[PDB]
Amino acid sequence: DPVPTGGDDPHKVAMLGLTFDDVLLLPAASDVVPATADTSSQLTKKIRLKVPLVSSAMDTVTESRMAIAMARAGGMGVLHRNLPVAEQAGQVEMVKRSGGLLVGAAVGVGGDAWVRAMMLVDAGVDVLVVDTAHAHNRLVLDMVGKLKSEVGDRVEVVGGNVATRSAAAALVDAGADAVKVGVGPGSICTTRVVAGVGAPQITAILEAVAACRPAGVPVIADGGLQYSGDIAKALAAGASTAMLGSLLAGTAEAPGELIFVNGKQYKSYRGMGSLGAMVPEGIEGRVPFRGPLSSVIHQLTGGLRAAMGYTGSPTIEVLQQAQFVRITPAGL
């Protein structure tokens, strides 16, 4: 008996991938107005933010200025790692000396990454982020495991990115405090194009949460967020926080200079895997200038608070139990 899509193997095409556009949040009974909502959520197992938003570790998104402004908004910024260890560790100190704010930093795998991690820890970093494209590799799982063995008492360790239930479960057993989710959904991403590899984030979050939540490990949604509604959809899918890159790249606190071409205003926004950021799995694009960060954060949270009012969710942990309605291509 042939499978209705080809072959005799039902599990060849495992499941159906849903993205942010595929779904909409169902309104339920509510005692919650946007004003009274509690947007506080867990970034890690130890760290709680007033705003469940994080800025991406990219050289056109998050450094000193951004990382500080993000913390003061209630969230947190993660410093990118496309620069000498000495300066990145220096930026950590600049943030921490601005009022003891929360800050994160990105590291890869290997000796260079390990050395970098130690300097960051000494610099007083709060969260180390093992930044890889495919965290289901056994090298990444070891990088997380040993880091947690050495500095796990005073520093939080986060692994990513994953897109499957098994990958997230592997990170949990590795000792990760949080599991960042997103393989391919990025705006400047071309992993889906050059490798044909990816997983629609709504399904990706749902699968990852199914492995992390039973272990009490927070999940970070990374990439593919175009609007504030996507943030609410991500958290309702089970995620605890959301990492933004495209939505913050046009802000003034973000790296890259202004672009007054065409009479309009833009800012540079490139993937960390773009040819000019070093087979290129990223592109160097532009994003419309969106003014100060605080203005953008205020409206992203505003839409989030609205969704919590529609779904009758007083807290984020309740919003994570909302229900979706599936949307047909005519939904746009």
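Numbers follow the displayed sequence, beginning with 1. By rigid core we mean the largest C-alpha set that fits within 1.5 Å across both forms.
Between stretches 70 to 78 and 258 to 266, more displaced by Cα RMS in 8 other deposited structures of this protein (rigid core superposition): Once the core is superposed, the stretch further away in 8 other deposited structures of this protein is 258 to 266.
Count class of deposited residues lacking coordinates, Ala35 to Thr36: In the record, the chain runs straight from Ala35 to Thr36 with none unmodelled.
Which of 186 to 194 and 105 to 113 has higher mean CA B factor, as the PDB entry lists it: So the stretch with the higher mean C-alpha B-factor is 186 to 194.
Higher-scoring stretch by recorded Cα B factor average, 286 to 294 or 301 to 309: If you average the C-alpha B-factors of 286 to 294 and of 301 to 309, the larger mean comes out for 286 to 294.
Top residue by Cα temperature factor, when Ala67, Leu26, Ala57, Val279 are compared in the entry: Within the set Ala67, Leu26, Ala57, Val279, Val279 shows the top C-alpha B-factor.
Given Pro200, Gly238, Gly256, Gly159, the residue at which the Cα B factor reaches its maximum: Answer for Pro200, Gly238, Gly256, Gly159: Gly256, with the highest C-alpha B-factor.
Third of the chain, ranked by Cα B-factor, where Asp222 sits: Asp222: CA B-factor falls in the middle third of its chain.
Chain-relative CA temperature factor third for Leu275: Highest third of the chain for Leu275's C-alpha B-factor.
Modelled-residue ranking by C-alpha temperature factor, third containing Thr44: Middle third, going by the recorded CA B-factors of the chain.
Lowest, middle or highest third - CA B-factor, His134: CA B-factor rank for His134: middle third.
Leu248 - which third its CA temperature factor falls in, relative to the rest of the chain: CA B-factor rank for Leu248: highest third.
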